[PDB]
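First up is the structure itself, then whatever we jot down about it.
As C-alpha cells, this is what we get:
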C-alpha cells in the first residue's frame, strides 16, 4: 500500500481530453491500417487462394493455436510503403502463441501477397522471428507457402550474412541447441526455399498441393529437356513415400495443422526460466486512461509515473533514488505477477541520472530481475560544465550496464528516441527481447527541429557574411525539407516497416503484450551478467 | 611424398597464356583501383590534413604496427560506386597486424574522406571489424578521427540493430569477455561518437587537436546561448586533467601511437588456440601460376586440385573419398604449417558430393581442424530422379554440418557462388572467420544466363500463344537487362563495396592471407562442435 | 625507453643525506634486533638444545632448503615486547624457501624459546603461515618441537575459531585440496599438538628424541598410576613400528631433514599460475638510494615515482591517468620479469583518485595482472563540498574493487597507513597475499596529532565555558598521553609483534621480497574476478 502510485490525472479535464484526442487519432489510424493488412493480397487474391482449397495464413494460425490462445503478432506493419506496391506484413505473418500448451514461434508465408515471394524485408522478418525464438528458447513452426524471391532485388535477398542463407544457419543451430524446428509445407517451396523443410527436424506436407524441389519444372526443362509437372517432381507422394525429405503426409491444410499440433505434443517440453512471482493483480486505473496521459505536445514534460501506474500490478512501485537524478525514474514492480525493474525517462539525461540507472541495472542483474525500459528521450544536458563534469563517461556507465545485462530486457518507445539517449535506454542495438513503439513516438539520430536549426543557423552565416539577412519565410523554406525528412523517417510506420521495432501498438495493450513477452522469455533460463570495464 | 599433387598444367601452353591474360586484366585493374583508394579523399584533402599537423590514417597504422609487420587489410573496396561520390574504403581503414607482438584489430577513421563521416557502409565496416575481433579474440585499437554521420541517410546509420549504437554494445561486451578496447582520439569525436573513447578501457587523446563531446559548440550555442570553442569544450586538457573521460595525454599523433603501443605491451596477452603444427614448407609450384589455372571461360571445367597444389605446403594433399562424389574435392593439408581440411568444388553438386562433404566436416570437427572452402559452384543436379533421390535432404546434411561446425572456417570464392550451393560451401551467412573473393568470381541467387532464359522462355510462350514467334534479336533484347543486372550485381566490386566479403584479392596472395587469418583465429580457443538433427 | 622514470633526486644533496640518516637509524636498529631474535632463547638455551644432540631450528631450516636457496622469513618480530619476557619470533621460525625445487611453507618450533610452548601469538603465527600456504598453494613442512601451551593464557590459545584447533582444520582442508602436509617430529609433541603429525599426510620422527602422545607420563601416572617414560609411551619405535602414527624413522635431525626432502621430491608438483613474463632487468638506480628518497619529515610530500623507479625493471613505468586524480599514482611495470599493476599514494585521497584507482584495478583484474599497493596515506579531503561531491561513494568504488580483486595482491606500507585510506589501499583486512611494513611507517585509526587535537580542542571548550583559557604547556600536557599512545601503538614493531604485517623490512630488500612472493603466488592459478555492486 505504501508503494501505491496516487494519480494526479483527471480523466475529465480539458487537458486530458485534448491529449486523448491527439492519441486516439493515431490509435484509430493504426487499427484501420492493421485491418487492411489482415486482408493480405486483397479480396481477389484471397479468393483465388481459397478456390485452390487452401486455408488463408491467418486461418491456418488460428487452427494451429490452442482454442482461445492469445497471439503476440510481430511486425504486422513490415514493408508498409517501402516497395512500389503493397506487400502486406512483408508477406509473412509471424508471432508467438500456445500450441498444445507450449509457447511456439509461428512463421507463416502469405501466398496471397505477391505469391508469397521473399522481398528483402520478408527475409528480415523471417530472421527476426528466428532471433526471438533462439533468444527465448521457443520451438519453431514454419507454415511454408512461398513462390520464390523478389528477383529484381536479389542482391538484397541472397548473399550476405543477414540474407536468405541465414534462415538455414539458424534452423541448424537452433536444432543443435534442442529448440525444435517443425515445417508444415502447404504450397510451393523451391530452390533454396527447399531447405526450410529439409533442414527442419520434422516436416509435414499437404498432398496434391505442397511441392518441394531444388529446381522446378521450368529449370528442369531448360537444362535437360525433361518435361515434368510440379506434383510429379516434388509433391507429397514423392517426398513422404520415396525420398524421405518429408515425414508426415497430410490430407489437407486442416489435417496438416492437426499433425503439427501432435508434433508439438511430443516435444517433452519444459520451460527453464524461473522468477519469484506473486499472484497477479490489476493496476488501480483503467488502461485506456493512458490515452490522456501523454501531452498532445510531444515536447511537454509530464510525470512518467502516470504511465507506470497504469501498467503495473496494484499500481505499486518501489522507487529507487527517487530524489537524485530525477530525470530518470527507476523502481521495482510486478507485471501480471512477474517481478520487473523499470527505467523510464522523465526529462533530459544528466550525469546523475545515468549513474543512477547503471546502479539500478546492477541491482536487477544481481537479482535476476527482468528490465523494462520506457523511452521518451531527447538527449543529454549540454555545455562546458557538463562535459567537464564527465557526462560522456557517466552516460558510458549506463550504456555499458545496458549492453552487458543478461536478464531479459523489454523496451517500449512511449515518446522520443533520439541520439545517444536511445542507446542508454536499450534501443534496438542492445537486444531487448522485444522492442515496441507507441503511435505518438518518434525516432532519429537527432530531432528534426535540431537538424533544421543547423541548416538555418548556417545559412544565416552565409547570408551575414554577405551583408544580408535571412527573412522569416526564407528561413522557413530552408528548414522545410529537413523537418520533412525527420518526420517521414522518424514516424512509427517508417520504423515498423523496416523492423527497427517488433510492432507499433495501441498504448492500452502495452501491459498485455509485456505479460505475453515475459512468459515467452521464461522458456529460456535467466542468465548471470558479466560487466565490462566501467569508466569511473 | 605419396600425397604430392603432380601438376598437369603447362605454364608455357597457349591455353595457360590465354587464361593468364584474362585473369591478369582483372588483377591489374584491382591493383590500380586499390592504389587510388589508398589516396583517401585525394591529393588536396590529404594536403589539408597534413597541414593541420596530422598524420594520414595509413601512416598512423604504419607507425602503430611493429616494424615489418604484415597488415591484413579488410574491405578496401567498401562503398565503391555506391554513393553519389567517392567515399574511399567507406572512410575507414581497418585490418589486423602486430603491435608489440600481439595481433590487434585496428580500425581508423579517414578524416580526408568526407571529414571522416559515417555513411551506412562506414557503420557496416566498423561493425564487421568488431565481429572479427570478437570471433577471433583480438584486442581492438580505434584510431578516432570522425566528423559525424551522413545525415541525409541517418535512417540507415542510426536506429537499428546493425546501426551505430551496436558499436558500443560491441565494445562493452568485448571488454566483459577480456578483449581489450583501446581508443586513440586524433581528431573530432562528437555526439554518440563520444562513446568510442568513453566506452574504451583505455583512451589516449592528442592535445590541441582531439576533442570529445556529446554536444558540440553549435548545439551548445543554440540551446543555451553559451559560446565556447571545441578545444575549450572537450579538448585533451579538459578530458585528461578534469573529467577523466581520457587516460593518456599525447603531444602529437606520433606520441599517441607510441602510447597505444605501451597500452598493448601491458595487456598480459596470451593466445588460447592450439593446433598440432608442422614446420612450414612452400608449395612446389609458384603462386603466380594460379593466374593460368582458371579457364578464361568461367563455365569451363578444370581440376581444382591445380589450385590446391599452389596453395598448400609441399603441394601435399591427402584426399578423402577421392573416387566417390567426385564433383566435391575434400582432403587434408597444411598451410604455413597449420593443419587444414579443404572442401573445393569440382563440378555440379550431386547428392553423393553433399554426403561426402558432411562426413568430411564431421572428421574436421572431431579433430579440431580448421576448414577451408574454395567455392566455384553453380548449383545441384536437376530432374525427377535427383529430387526423388533426396538431393534436398543430402544437401541439407552438408548445410547442417557447415552451419554447426565450430572450428575456424575460411572461404575463398574462386569462381561462381550461386544459389543454394553458396550455403553448403560456407557463404557469408555461415560465419566463416573471413571470406574473400577472387577478381574473376561472380555471385548471385542464380546465374544471369538462367535468369535471362526465364524471361525469354516465358516471353516465347506469350508469343506462341498469339500465333507469333520471337526472333533472334528480339530474344537478345529481352534478355539484355537481366544479363546486365546479374553481371552488375554479381561483380566482385559490387559484392565488396557492400561487405558481402572481406576483400577482393590477387589470387597469388591467397596463401599469405590465409596464413595471417589462421594465426589470428588462434588467439581464441578451438571449440567443440554440436550438430543439429541430420535428416537421413 | 619512453616509459623510463628519470630521477630528480641527487644522492649527494644535503636533503638526501638527512633523509638517509633518519632512515638508516631505523634500518640499523632493525638489523640489530633481528640479529638478537636469531639467537632464540639465548646462548645458554641454545647450548642446552645442542647438548641434547639437536640441531637449532634455523640450522634445521638451512639443511632442509636447497643449497643457496633464498628464504622469505615471516614475522621475525612476532611477540616483540608483548609478554612479560622475551619470546623471540613468538617461538616459531616460518617462511618460504625451495626444497627439491619446490616452494614450500616451512614452520618450525624453536624449543629454545620457552620450551617451544605456544603463546597466543605463536598460534597466530602458525595460522598465518598456513593461510599463506593455502592462498598460494604451497606444500607445508612442519618441524615439530613444542613442549605445550602457555597455560596462564589458555583462553587465548585454545577455544575460538582462530585458536589452536584451527591448525588441524587447516591441515585437513589443505590435504583435501591436494596441498601436501608433511610433519617432521624432532622433539616433544603432546596433547592436541599430537594432531600436527597425526593429521599430516606423511610424518617423520627422530629416534630416541621425538615423542608423540595425547597424554604424557605425568597425566598417565595421575589417571591410572601407570609409570612410563616418554620414550616408552610415544617414541619413534612405538609410532613407526607399532601404531603407524608416523611413516618414516630417522636416525637423527640431519637424517630426518634428508627424508623430508625425499618426501618433497615425490610430490609430482606442478605450479598452476601463469603470467606473460619478460626477461628480468634491474632498475636503473641502486636500491640503497631508497634510504634518501623518503623525507625525514613523515608529513612532507615527495614524488612516489622515485620509489617506483628504484623497484621496477629498467625503471620503466607506463602511467595510467597521469594528469587526473594525481594524488594516486597508478601504472604498469615489470618486477623481476613479472608484469605488475601498481597503485601508490602521492597525497591525500580525493574522489577522482579513488575513481581512477577503481578503474585501474578493473584493468588489472580483466587481464590477470598482480597488484602492488604502496601505502603512504593519511586520509581523504574534508569539508561540505567534498561530502556533497560524494567522496564516500567514490572511496567505496575503490574499496569494492580492492575487496573483490582475485589477482594476487601485495601491500607495502612505505609511510602512513591511517583510517579508511588503509582499506582502499589494501590493508590487512583485504587479504593481500603478503603485507610488509618499512621501518619509518606508522599505522592507526587516525594520526596521533589528530587524536590529540580532539582532546585539546575539547578541553579548551571546557575551559572557555568557564571563562578560562588553556595555556601552552597546559595543552601540551593534555596532548602528551594521546601522542604517546599513537606513537607506541602505531610503531612497526608494535604492528609486527601482533602480525598485522608479515614483516618489517629493510626498504632496499623490497624488490627481492616482492620477487620471491610473486613466484610463490604462482603455485596457485590466477583466478577471475567478480565485482559486487559499484555505487555510482
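Residue numbers (the working numbering), protein chains in the order written: chain Y, 1015 to 1550; chain C, 1015 to 1550; chain X, 1015 to 1550. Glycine included, every Cβ here is placed at the ideal spot set by N, Cα and C.
In the DSSP secondary-structure assignment, residue 1085 (chain Y) is bridged to Y:1111.
By the rule that beta-carbons nearer than 8 Å mark a contact, residue 1411 (chain Y) touches chain X. Against chain C, a Cβ distance below 9 Å from residue 1381 (chain X) picks out 1192, 1194, 1280, 1281, 1282 and 1283.
With respect to the 8 Å criterion, residue 1228 (chain Y) and residue 1409 (chain C) are classified as neighbours on the basis of their beta carbons. Minimum Cα-Cα distance from residue 1303 (chain X) among the listed residues X:1504, X:1295, X:1312 and X:1322 corresponds to X:1322. For the options C:1407, C:1095 and C:1084, the alpha carbon positioned closest to that of residue 1051 (chain C) is the one of C:1095. For the 8 Å CB-CB criterion, residue 1424 (chain X) and residue 1393 (chain X) do not form a contact. Per DSSP, reduced to three states, the secondary structure at residue 1354 (chain C) is strand. Against chain C, a Cβ distance below 7 Å from residue 1366 (chain X) picks out 1258.
Contact with chain X is absent for residue 1104 (chain Y), since none of that chain's Cβ atoms lies less than 8 Å from the residue's Cβ. Distances from the CA of residue 1178 (chain Y) to each of Y:1506, Y:1223, Y:1132 and Y:1085 were compared; the closest alpha carbon is that of Y:1132. Bounds of any beta strand (DSSP E) do not take in residue 1548 (chain C), whose DSSP letter is neither H nor E. In the same chain as residue 1209 (chain Y), and ignoring 5 residues on each side of it, the C-beta atoms closer than 7 Å to its own belong to 1182, in chain order.
Judged by pairs of C-beta atoms under 8 Å, the segment 1153-1173 of chain Y does not touch the segment 1455-1473 of chain Y, as fewer than three such pairs exist. DSSP, reduced to helix, strand and coil, places residue 1330 (chain X) within a strand of the structure shown.
The beta-carbon of residue 1140 (chain X) is placed no less than 8 Å from the nearest beta-carbon of chain Y. Counting along the chain, residue 1117 (chain Y) sits inside the beta strand (DSSP E) bounded by residues 1116-1123. The contact set of residue 1420 (chain X) on chain Y, defined by CB atoms closer than 9 Å, is empty, because the minimum CB distance reaches about 14 Å. Residue-level contact by beta carbon holds for residue 1457 (chain C) and chain Y, with a gap shorter than 8 Å. Residues of chain X whose Cβ lies closer than 8 Å to the Cβ of residue 1255 (chain C) are, in chain order, 1337 and 1338.
Taking CB atoms only, residue 1376 (chain Y) has a neighbour in chain X less than 8 Å away. In terms of CA proximity to residue 1471 (chain Y), C:1233 leads the group C:1146, C:1328, C:1448 and C:1233. From the listed residues C:1307, C:1252 and C:1113, the smallest Cα separation to residue 1522 (chain C) is found for C:1307.
Note on the segment 1456-1525 of chain C: whole beta strand (DSSP E) runs with a minimum of 3 residues are 1456-1458, in chain order. Take residue 1032 (chain X), set aside five residues on each side of it, and the residues of its chain with a beta-carbon closer than 6 Å to its own are 1310, in chain order.
From the listed residues X:1542, X:1520, X:1138 and X:1157, the smallest Cα separation to residue 1037 (chain X) is found for X:1520.
Nearest CB-CB separation between residue 1501 (chain Y) and chain C: not below the 8 Å threshold. For the options Y:1154, Y:1068 and Y:1077, the alpha carbon positioned closest to that of residue 1214 (chain Y) is the one of Y:1154. Residues of the same chain with a CB within less than 6 Å of the CB of residue 1138 (chain C), apart from the 5 flanking positions on each side, are 1513 in chain order. Inclusion of residue 1371 (chain X) and residue 1357 (chain X) in the CB contact set at 8 Å is warranted, their separation being smaller than that value.
Under the DSSP assignment, residue 1431 (chain X) falls outside any alpha helix (DSSP H), being part of the beta strand (DSSP E) whose first and last residues are 1423-1432.
Under DSSP, residue 1225 (chain Y) takes part in a beta bridge, and its partners are Y:1249. In this structure, residue 1348 (chain Y) places its C-beta atom within 8 Å of the C-beta atom of residue 1326 (chain Y). For residue 1178 (chain Y), there is no enclosing beta strand (DSSP E), as DSSP marks it with neither H nor E. Any Cβ of chain X closer than 8 Å to the Cβ of residue 1261 (chain C) would place that residue at the interface, and such an atom is present. Contact between residue 1538 (chain C) and residue 1112 (chain C) is ruled out by a C-beta separation of about 17 Å, above the 8 Å threshold.
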